[PDB]
Amino acid sequence: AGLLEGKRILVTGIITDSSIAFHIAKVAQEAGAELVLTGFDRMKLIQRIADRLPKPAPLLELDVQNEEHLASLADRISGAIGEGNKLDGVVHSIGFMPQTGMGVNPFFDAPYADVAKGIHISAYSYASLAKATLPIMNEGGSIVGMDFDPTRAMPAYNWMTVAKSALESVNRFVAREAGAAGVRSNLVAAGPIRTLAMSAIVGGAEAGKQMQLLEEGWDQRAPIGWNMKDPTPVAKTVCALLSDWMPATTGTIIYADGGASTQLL
Amino acid sequence: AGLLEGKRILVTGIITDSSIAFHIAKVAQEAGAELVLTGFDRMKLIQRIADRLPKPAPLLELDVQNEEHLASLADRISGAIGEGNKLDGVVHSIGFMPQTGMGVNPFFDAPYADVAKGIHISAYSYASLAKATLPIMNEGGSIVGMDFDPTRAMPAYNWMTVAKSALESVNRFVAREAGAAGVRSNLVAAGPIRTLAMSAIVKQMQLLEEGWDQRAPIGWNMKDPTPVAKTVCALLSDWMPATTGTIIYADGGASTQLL
Amino acid sequence: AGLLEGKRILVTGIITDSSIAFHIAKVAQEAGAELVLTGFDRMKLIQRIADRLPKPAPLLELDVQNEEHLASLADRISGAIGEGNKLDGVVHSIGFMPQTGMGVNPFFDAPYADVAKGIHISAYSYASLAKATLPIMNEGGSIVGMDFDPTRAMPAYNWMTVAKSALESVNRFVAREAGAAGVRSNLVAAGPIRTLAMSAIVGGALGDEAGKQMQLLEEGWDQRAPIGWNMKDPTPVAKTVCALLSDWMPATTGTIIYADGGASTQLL
Amino acid sequence: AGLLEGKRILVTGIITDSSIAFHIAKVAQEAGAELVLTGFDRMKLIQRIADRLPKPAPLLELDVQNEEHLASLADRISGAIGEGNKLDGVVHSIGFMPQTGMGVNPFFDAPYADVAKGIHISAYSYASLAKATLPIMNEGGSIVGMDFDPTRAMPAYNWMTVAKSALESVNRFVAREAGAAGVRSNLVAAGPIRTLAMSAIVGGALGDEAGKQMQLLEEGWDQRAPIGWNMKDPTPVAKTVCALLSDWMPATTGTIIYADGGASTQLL
Ligand SMILES: NC(=O)c1ccc[n+]([C@@H]2O[C@H](COP(=O)([O-])OP(=O)(O)OC[C@H]3O[C@@H](n4cnc5c(N)ncnc54)[C@H](O)[C@@H]3O)[C@@H](O)[C@H]2O)c1
Ligand SMILES: NC(=O)c1ccc[n+]([C@@H]2O[C@H](COP(=O)([O-])OP(=O)(O)OC[C@H]3O[C@@H](n4cnc5c(N)ncnc54)[C@H](O)[C@@H]3O)[C@@H](O)[C@H]2O)c1
Ligand SMILES: NC(=O)c1ccc[n+]([C@@H]2O[C@H](COP(=O)([O-])OP(=O)(O)OC[C@H]3O[C@@H](n4cnc5c(N)ncnc54)[C@H](O)[C@@H]3O)[C@@H](O)[C@H]2O)c1
Ligand SMILES: NC(=O)c1ccc[n+]([C@@H]2O[C@H](COP(=O)([O-])OP(=O)(O)OC[C@H]3O[C@@H](n4cnc5c(N)ncnc54)[C@H](O)[C@@H]3O)[C@@H](O)[C@H]2O)c1
């Protein structure tokens, strides 16, 4: 009798064993959920990663910049979960920003074509994914996306921070549109986790030192501490929002960051 | 194997079976928790209300303005749950503001003695309850308080809104202090609920419910505290172990929309 | 001895005499500023509008999506104000979102190509205008952009609200970059004003529909605003921009100043 | 013809020539304002400080915890400025929290009687001063109070931070009530300034401890501020208050203006 027992959940965003989406999937399966996974581009590599999950799960290709993939997504999910079955949850764990829009590269020097690609993948696709999956979502379902607190400007995060500001805004509109079908939409703002998309912050670096400083500053501010090597608290928080225990929460951000956002040293 | 199986949780704030705390207690017991209840002033009446809960629970007297009640609270909890057993959760569901501080009474005319009493009960006591219970809380425990979004001024709520603004600030400092013991602290900001404390602020509840329901993408029912109670239990569980110092909105999404 | 006496200020975004930028320019000139204006696309029409201002001002073409326009902007400004002279203020009063992204079209139906154009013009260009003008800005100068409070989702405004959320984030990074030059960057969040850009929320409305929607919009804003709100009066917004362009807020950067009657601070 | 020429402004909160209120008063007088000053407790000492100001100003006693002082304040102001004359601005620059509630004392150890005294002086009195002065305020006037950003918990500031969170909420209600008179109400959130009130955060410090803590405070603020921060320079803060007292932000009420070098907008 797990937290997500019998729920059918779409999980995007696995690329390595460090991906936040891998741990969301792992924790969700251990909580009784039946998963459908999506992967971008390197499907054979992503299947090798998914094979280390607790349980088997169908894997569908999804490039969120590809209109055909999005137009066929609901039908392909239905083939994976069985005719007449619907999804109970959707996890958006997708982000990207070209190197010109991040790290030591100057903020003013990022060409808009690069910024627009990052905003397409990191913010607009939260709406795109919701539009594609809502037709096959049960009433009372839950859509969850991954956020990194963009309330204040930060070194290195640069245009990804801008994309997250846009994502938070998109989430409020997705909440409005999904609410008619009784579906909730929320973001989890995680503290920093050692992942690929996080390594994009260090770029062509000294890389360990920057990560150590990042983790140390975050840990010091967090009243309960912060471990960049431990994605599990973040995965659990996503599962809490996918469960039935927060049924009047939508359009919001839940902070899984050790409390670091609420303190000023 | 419930959400709160085996957890020992202190629940303050029951006065009627409409109290948000009554439904927190009901949902928590149905989720496997063992409760200790507190009550203010009318102990026999509160016990009759607590008798309507799914399961029995010891009831302790607590007036949060009474220093002696607070200083002895941990010892009395230990007597109720057994020495060596510790609390896993504490629920603050306590609020009050004199009528001069609310309603049609002009905001400028509330005397400070009345405002100060309301801030004592509604905001400062979140810190005093935490100080009183943290000595017997387990690592990984959870303190949860009840909030009403004070980000913008509202008709009628007046100084209670100010008290909630103070409570949100207090919550961040309680998170800091409780964090050393591995204990989390968070608030649940509920939409309006038909309770005694709500009634004190004001047909008028019908207009409030209508506007809140309209703005909420998933709707809002002022007569249904269960979604709020469930949200409190989510924060009392082990499923949000990196969340502290924050506000979780159980308001139908109304705070995120502008009609 | 006006508020902006002797200051050289670039003002973008005039298209008609209802434009918020027209009133920023008018009030700034009346406060002693010497302006350089920019215009997009309809240069002869915009010049005729600029002719209605209190004082003459050179007009430069600037399409913020045009890389060549941005790359030559500082040189063309220098040609207008004199080589080696510097700007004290820059006003970004530029916004656009295609009808697929705002108004009656469903939120989910906006194609990304359209959203991206709106975000380019409405949010990214705050950064590219800063990049283009900072080389000729005086230490202690001021960059100001126009915002519409995107903290909560709103009907009709849709992807323009998303773009303003991005703009607020961009503003904090522009503040970081411009701060190295001692230059401030801030946004003014205005209440609704009857302009071409704001009429985008009623695109396609027939008969009495546009007037009614505008009446409800103004009434709700006025009701929430403790000091009221008049959608036909851009002057309070223009004055607020001039306040940020002045020397009277020299420690304010990276923030949003609300010129909205206080409506954002109240919940009816 | 200064920014505040001919305006009559009440300035509370002078105790020394380091007081933020002293510099608000100095800058406002240099901008043409006619001031009425108030002081708490040490009236003879405060007069000697006021003697150091550019221009003469009447000084009235005001303990904001004293009902009689508040009830007579408008009549005593009328006596200073002439019967039937009105104030254009009111500046609240008043704050206090006992040492049990701020500095090195543990957060959990503050008795409520002490916290309540601090909230009375630091937050409630913003409402009480507005109530006392609004009867003699011009339509379109301006009330400004001093804030220290309490969005996030901070070491040492402790219950003063809670009081400022309450003050921000009080400001939104004062804006609602004052709006009926056309009067604006706003807070200026200042960065740290070396004053008596700010020294409370190091109460009891010995040897080099106070200086070390003040250096870390300034260095952290200056590092986060894109335009820097100097704790010895209250003038940018004073200017910002004067900007809000002016006629240049006439649609702004219920809000917080950050005069903090931008530090609140950045995360290192
Ligand atoms: N790691 C952190 O510090 C941190 C903190 C907060 C939020 N996040 C967010 O969590 C989410 C997951 O990132 P992660 O840290 O697990 O990194 P990751 O690199 O493991 O995951 C990013 C995922 O985005 C996917 N993606 C990229 N382009 C795509 C496209 N066109 N279509 C579909 N998928 C595409 C990648 O394939 C990858 O699976 C992202 O939104 C990220 O911004 C990360
Ligand atoms: N009902 C709503 O609309 C609403 C909205 C959001 C949040 N809240 C908050 O939820 C909490 C619970 O209130 P409610 O709506 O259930 O109303 P309620 O009247 O049922 O509960 C308030 C409780 O506070 C207790 N209390 C008062 N003074 C006390 C004191 N000195 N010591 C100890 N306890 C004392 C009362 O005895 C009562 O049990 C409050 O903090 C309230 O502000 C209520
Ligand atoms: N009017 C309102 O209700 C309101 C409220 C808050 C903020 N704003 C903002 O105020 C600013 C000015 O808009 P307005 O209301 O005065 O409307 P407007 O239509 O008068 O001005 C918009 C301006 O944007 C310019 N523009 C569009 N595309 C451009 C491009 N590629 N390059 C350069 N300029 C381009 C247009 O030419 C026009 O001059 C905008 O950012 C708008 O979003 C408006
Ligand atoms: N200095 C800072 O770092 C800083 C930063 C942000 C905001 N502030 C705020 O600025 C305001 C002015 O403080 P300051 O830093 O100039 O310090 P200060 O010690 O010079 O001023 C505090 C003033 O409060 C007055 N006061 C105390 N109790 C009073 C009472 N009962 N009645 C009337 N007045 C009373 C004192 O007499 C004194 O004049 C305060 O609200 C303070 O919290 C200060």
Side-chain angles (χ1 to χ4, degrees), chain A residues 97 102-104 106-108 147-168 189-193 198 201-202 211 213-226 228 252-265, chain D residues 102-104 106-108 147-168 189-193 198 201-202 209 213-229 231 255-268:
Chain A
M97 180 64 65
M102 273 185 89
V104 299
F107 184 82
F108 285 147
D147 185 21
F148 189 61
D149 179 22
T151 302
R152 292 163 189 99
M154 288 174 283
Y157 284 88
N158 293 355
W159 287 97
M160 181 59 86
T161 303
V162 175
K164 293 300 189 185
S165 289
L167 173 66
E168 291 185 347
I193 300 293
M198 142 94 10
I201 271 294
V202 318
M211 294 290 98
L213 289 188
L214 177 59
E215 181 181 50
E216 287 180 6
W218 209 277
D219 180 69
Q220 284 172 10
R221 288 201 312 286
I224 56 181
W226 184 255
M228 287 191 60
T252 73
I253 302 139
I254 288 74
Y255 294 85
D257 64 351
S261 56
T262 75
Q263 311 284 314
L264 179 61
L265 286 195
Chain D
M102 72 182 294
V104 77
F107 182 81
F108 282 147
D147 186 21
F148 189 60
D149 179 21
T151 304
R152 300 169 289 188
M154 290 172 283
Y157 284 89
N158 293 352
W159 287 97
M160 179 57 88
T161 301
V162 175
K164 293 298 188 183
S165 290
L167 171 67
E168 290 185 348
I193 300 293
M198 190 270 257
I201 72 167
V202 288
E209 289 165 2
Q213 253 199 267
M214 297 291 110
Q215 188 174 43
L216 290 174
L217 176 59
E218 183 180 55
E219 290 179 355
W221 210 278
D222 175 70
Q223 287 179 14
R224 298 198 313 273
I227 57 181
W229 187 255
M231 292 193 326
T255 71
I256 302 139
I257 288 73
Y258 294 84
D260 65 352
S264 59
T265 72
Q266 311 286 315
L267 179 61
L268 276 213

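All chains are named by letter (A, B, ...) in the order of the sequence lines, taking the proteins before the strands, and each is independently numbered beginning at 1. Because only heavy atoms are used, hydrogens play no part in the values below, and waters and symmetry mates are left out as well, while side chains stay in.
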Measure the spacing between CG of D/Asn158 and CZ of D/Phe108 and express it to the nearest 0.5 Å.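 Going from the CG atom of D/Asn158 to the CZ atom of D/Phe108 covers 10.5 Å.
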Between atom OG1 of A/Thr161 and atom CG of A/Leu167, what is the distance when rounded to the nearest 0.5 Å?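 Rounded to the nearest 0.5 Å, the OG1-CG separation comes out at 12.0 Å.
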With a strict 4.5 Å heavy-atom criterion, list every residue of residues 261-268 of chain D that contacts chain A, or say none.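 Within residues 261-268 of chain D, the residues that come under 4.5 Å of chain A (heavy atoms only) are D/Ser264, D/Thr265, D/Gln266, D/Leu267, D/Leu268.
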Side chain to side chain contact (heavy atoms under 4.5 Å, CB included) between A/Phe107 and A/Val162, intermediate numbers included: CA-CA 11 Å; A/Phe107 184 82; A/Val162 175; 4.3 Å; yes
What is the ring orientation for A/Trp226 with A/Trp218, classed by angle as parallel under 30°, tilted 30 to 60°, or perpendicular over 60°?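 Tilted.
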For the pair A/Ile201 and A/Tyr157, evaluate side chain to side chain contact (heavy atoms under 4.5 Å, CB included) and give the outcome as yes or no after the intermediate values. CA-CA 7 Å; A/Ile201 271 294; A/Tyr157 284 88; 3.7 Å; yes
Do A/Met228 and A/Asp219 make a side-chain contact, defined as non-hydrogen atoms from C-beta onward lying under 4.5 Å apart?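 Side chain of A/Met228 against side chain of A/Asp219, heavy atoms only: no contact under 4.5 Å found.
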